[PDB]
Amino acid sequence: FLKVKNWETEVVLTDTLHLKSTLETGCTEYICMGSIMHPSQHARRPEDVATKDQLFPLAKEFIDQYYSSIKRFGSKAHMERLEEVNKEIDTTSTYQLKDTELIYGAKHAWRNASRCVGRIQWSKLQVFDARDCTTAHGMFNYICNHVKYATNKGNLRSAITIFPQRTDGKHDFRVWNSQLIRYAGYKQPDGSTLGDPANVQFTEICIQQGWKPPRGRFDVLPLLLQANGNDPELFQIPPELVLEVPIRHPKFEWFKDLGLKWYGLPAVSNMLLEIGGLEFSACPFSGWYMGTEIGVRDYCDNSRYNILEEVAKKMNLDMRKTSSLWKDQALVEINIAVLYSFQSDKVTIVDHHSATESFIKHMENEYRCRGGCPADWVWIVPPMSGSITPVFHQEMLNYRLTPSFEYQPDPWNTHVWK
Amino acid sequence: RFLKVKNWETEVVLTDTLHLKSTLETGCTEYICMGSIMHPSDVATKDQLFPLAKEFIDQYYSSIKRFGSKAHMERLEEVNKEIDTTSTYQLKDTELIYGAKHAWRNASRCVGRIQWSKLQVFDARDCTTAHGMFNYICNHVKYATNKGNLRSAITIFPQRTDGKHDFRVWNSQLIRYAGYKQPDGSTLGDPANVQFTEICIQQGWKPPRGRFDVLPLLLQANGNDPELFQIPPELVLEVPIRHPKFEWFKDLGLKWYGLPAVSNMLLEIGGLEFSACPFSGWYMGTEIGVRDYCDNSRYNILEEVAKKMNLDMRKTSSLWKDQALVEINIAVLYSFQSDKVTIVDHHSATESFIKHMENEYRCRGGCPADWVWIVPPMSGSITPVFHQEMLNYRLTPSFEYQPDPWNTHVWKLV
Ligand code: HEM
Ligand code: HEM
Ligand SMILES: N=C(Nc1ccc(CCNCc2cccc(NC(=N)c3cccs3)c2)cc1)c1cccs1
Ligand SMILES: N=C(Nc1ccc(CCNCc2cccc(NC(=N)c3cccs3)c2)cc1)c1cccs1
Ligand SMILES: C[C@H](O)[C@H](O)[C@H]1CNc2nc(N)[nH]c(=O)c2N1
Ligand SMILES: C[C@H](O)[C@H](O)[C@H]1CNc2nc(N)[nH]c(=O)c2N1
Ligand SMILES: [Zn+2]
């Protein structure tokens, strides 16, 4: 047993779920790696060509968990499923999930994502089975339908589309984009950057693949889709599917003249979904934004759009010294505008006060029914106004449960072209 | 072996070898991280104390380029005789200074460590009575305050012996405002300090029952009952909080004290335990402006400030709390700088800490840092530390938490 305490309310919770932890965190009793971005390379099966004694134990564990989840441990269907997975592995070196197992696994990977403040929503996830896909054109069709369903004219719905699992590591399906909808970034001749600097490398690959860049500040990037290990292919998302929000301020009339906008649907497309030893290398998932992601990180990181200096100018703030807090003052105003703008256009968004409150409630729920909730304080606490949100004062235990979402390498570092 | 940390904003990568030198638990396991737990998890025997002392003496003589020297070997033998004959030993003055500075250098939660080697150490190990502790502390406050040009200092009282004769400052800081529960459930003054205020009152303190009453010192010498002392008011430097643009802000009636001086921690050097070791530096603005003034459980002034700002408080998404928070923190910094009382804003402090960290990695092989504490409680990602990977581990000498003394003291009178 391990207790976590909220230092604002004095609520103490007791964690037993961590006893089911599978993978190393990176920490030891002598060193804590809680702020390392990727602390551990402890995986569940070697790189590929997993033998029977390597894959079957992972499959048995997942099937066991699913059938226990539904109160059917030891049932005929459970025992039948085990022998079924045994035969498939024997005859194909892999196995295939039932539709129910796939949905269960995708929801539990989200439920297990310790870095995610949005998991109160975890069991409301629309799962699109795209395991019949064979080509980049088919991937594009599946993605377009995902975007259209999830956007829902601004009433955003959480969804995930699951493309065929990895077989041998040479026939991977991959979305080369980091998100389905991102803005381009361009290296200027003098040395500055136009657009989004995070995406300069990916933009150059698109350009180097034939994409004609409009060379603007908010150029929706094309999709670069790889099916069955083949060379990736470019597709333009139909603009009527890409919902965008112009950013204005409820007090500063001049704010709109900064020419800022952002897109409504965040859709992460470069993670790997791991279920029962199976690896889904293309599994784009989407929900909706917390305001700070755009207002604090996308707009105000120094290596991102870096707009703090410009906003502070128009606000006529004393920018001579840091102690005037001109950065902090402009940062607030920017995040007010982002929220006001989304809310004005009826595009789903959550502020960091409401999101963190919801997450404290989700923590309650999880400790009550499940005996714990893995949570990464470093990621859960919002990047502004940390201590006036409830999660700042909440102790959290972090451990790794399966199914899960994992990082994976950018495919241009590993793909051999044709 | 080596460990690498990366700054994701600059892509600077640093190599940590110093973590190999740690031999104290963090609390994490290989399968669970407790990096956000506030504290994870009578005194030492002869056999426990021998290697602890050896490691520290070895570290000291290595630091002065005298490892293996005749003086090094004689000091080890001298220390060993004392442990054998007395079950304990006494630090040399140079060792004490070195140890106190390195406890600071090793404090993984402290963002102000670029200053670590400029620490005035007051040796108070000859003190025997609470009156003596008062004198030592008044002198500390006066030296450290320096009419607003704050200087870092520590005063070190006698080390623990059998655990039955501890020296303790019962206060959590040397200067701190009282808090009073009211019968209607409200709180006057600082809610954080209600319990200690009650203790003082019971010991005979007559409270003014105001919003900013400087608490008395409650001082325990040699394990005796603690005794009350009033710090002379002219030694307590205070700053009235006003705002450079909101003329109404002064009418909030806010003030704070200029000298932060923590007095409830334990200083461990070579296995010796200094249970009374108050230390002082200067404030980072957010400590007062974000935590002291805006924590819901503290002075909790967000509502009143936001009211006077005419903000829409009907919905969170107006970010009225965030807007009021910045203005309060502007006022705190402007007020201290106008009165020429040393303070550091969080941007300047985090910037210096990154330079300190890099310097430490270059000259020492690492710098244990607790990201959860180093990142300021507001505007996190617009400071450089937010993007800095860090490694947390425990080196000694170190500052440690210890139980509040009223939970363990066995009383003597009547
Ligand atoms: C429903 C609304 C949701 C909200 C408001 C939300 C909120 C967030 C936020 C703010 C982050 C931090 C992102 C960053 O700093 O880059 C995050 C991380 C994450 N979210 Fe959620 N989320 C939502 C839905 C989902 C869904 C549907 C999934 C998957 C099915 C998911 C999985 C994850 C994962 C895996 C991470 C960790 C990312 C990483 O390690 O880089 N979230 N979430
Ligand atoms: C010189 C100026 C200094 C500054 C600006 C500074 C800044 C800070 C800040 C902001 C914190 C976090 C406090 C909190 O959030 O509660 C902290 C923690 C800490 N500081 Fe420093 N500090 C300074 C000097 C010192 C000195 C002189 C010492 C001891 C010799 C020290 C030892 C510590 C320790 C041990 C902690 C951790 C306390 C804990 O774990 O609860 N600091 N410092
Ligand atoms: N910071 C940079 N790159 C960078 C950009 C973005 C990210 C974010 C990674 N994660 C994206 C993510 C994951 C999970 C959730 C979200 N946000 C959401 N609300 C959702 C997405 C899908 C469902 S909810 C975003 C990290 C580094 C750089 C600046 C300059 C050069 S690189
Ligand atoms: N927040 C509460 N309690 C509370 C918890 C922690 C603290 C402060 C703990 N840390 C003090 C500290 C330690 C180290 C450095 C500093 N800050 C400084 N700048 C220095 C102090 C000495 C040298 S530098 C402050 C105060 C009240 C409560 C609300 C309601 C009931 S209790
Ligand atoms: C070094 C540090 O771990 C890194 O900058 C983290 C900090 N916390 C974060 N928290 C969230 N939600 N997203 C992030 O990208 C980061 N970055
Ligand atoms: C639960 C969490 O560890 C706790 O609230 C911490 C967070 N980080 C902190 N950081 C600092 N500097 N001071 C604090 O008191 C805290 N509190
Ligand atoms: Zn850890």
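Numbering of ligands and ligand atoms starts at 1, following listing order. Order of the sequence lines sets the chain letters (A, B, ...), proteins ahead of strands, with each chain counted from 1. Excluded from the calculations below are hydrogen atoms, water molecules and symmetry mates; all remaining heavy atoms, backbone and side chain alike, are included.
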When you check the gap from the basic side-chain N to the acidic O, do [X] and [Y] get nearer than 4.0 Å?
X	Y	answer
A/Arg400	A/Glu406	yes
B/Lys355	B/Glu351	yes
A/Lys3	A/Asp15	no
A/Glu366	A/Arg111	yes

I'd like the name of whichever of B/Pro376, A/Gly386, B/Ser36, B/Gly35 reaches closest to atom 3 (O) of ligand 6 through any heavy atom.
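Of the listed residues, B/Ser36 has the closest heavy atom.
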Just jot down the ligand 6 atoms closer than 4.0 angstrom to any heavy atom of B/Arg291, in number order.
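Result: 13 (N), 14 (C), 15 (O), 16 (C).
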Mark up the atoms of ligand 6 that fall under 4.0 Å of a heavy atom belonging to A/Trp377, in ascending order.
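In order of number, 2 (C), 7 (C).
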Between A/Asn398 and A/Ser114, is there a side-chain donor-acceptor contact under 3.5 Å, judged purely by atom types and distance?
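Note: A/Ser114 and A/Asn398 side chains meet the donor-acceptor criterion.
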Hey, do the aromatic rings of [X] and [Y] have their centres closer than 6.0 Å?
X	Y	value
A/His108	A/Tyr104	yes
A/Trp288	A/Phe342	no
A/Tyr305	A/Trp262	yes
A/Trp110	A/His362	no

Could you check [atom] against the protein and tell me its nearest heavy-atom contact, residue, atom and distance included?
atom	answer
atom 8 (N) of ligand 6	B/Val372 O, 3.1 Å
atom 32 (C) of ligand 1	A/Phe285 CE1, 3.5 Å
atom 4 (C) of ligand 6	A/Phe392 O, 3.7 Å
atom 16 (O) of ligand 2	B/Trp373 CZ3, 3.7 Å
atom 6 (C) of ligand 6	B/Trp373 NE1, 4.1 Å

So, 4.0 Å and heavy atoms of A/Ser286: is ligand 1 close enough to count as a contact?
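Contact present.
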Does even one non-hydrogen atom of A/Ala355 get within less than 4.0 Å of ligand 1?
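No.
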A/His42 side chain vs A/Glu24 backbone, donor-acceptor pair below 3.5 Å
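Yes; at least one donor-acceptor contact below 3.5 Å.
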Does A/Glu293 approach ligand 1 within less than 4.0 angstrom via side chain, backbone, both or neither, non-hydrogen atoms only?
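Looking at A/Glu293 and ligand 1, just side chain atoms fall under 4.0 Å.
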Contact partition for A/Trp288 relative to ligand 1, non-hydrogen atoms under 4.0 Å:
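It is both parts that get close, each with some atom under 4.0 Å.
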Candidate list A/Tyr263, A/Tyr299, A/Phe202, test ring-ring contact (aromatic ring centres under 6.0 Å, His included), partner A/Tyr183, passing option
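Filter result, single survivor: A/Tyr263.
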Looking only at heavy atoms of B/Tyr401, does any of them come nearer than 4.0 Å to an atom of ligand 2?
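A heavy atom of B/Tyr401 does come that close to ligand 2.
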Distance below 2.8 Å from atom 21 (Fe) of ligand 2: protein N/O/S atoms:
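Only B/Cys110 SG fall inside 2.8 Å of atom 21 (Fe) of ligand 2.
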Can you list the ligand 2 atoms lying under 4.0 Å from a non-hydrogen atom of B/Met284?
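Those of ligand 2 that fall under 4.0 Å from B/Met284 are 10 (C).
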Against heavy atoms of B/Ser152, which atoms of ligand 2 measure under 4.0 Å?
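Numbered from 1, ligand 2 contributes 1 (C).
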Given the rule in the side-chain hydrogen bond (donor to acceptor under 3.5 Å, both in side chains) test, do A/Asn177 and A/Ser269 qualify, once you have shown the distances and angles that lead to the verdict?
CA-CA 6 Å; A/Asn177 313 62; A/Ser269 55; 5.6 Å; no
Chi angles and distances behind the side-chain hydrogen bond (donor to acceptor under 3.5 Å, both in side chains) call for B/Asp345, A/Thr322
CA-CA 7 Å; B/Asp345 68 82; A/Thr322 64; 2.9 Å; yes
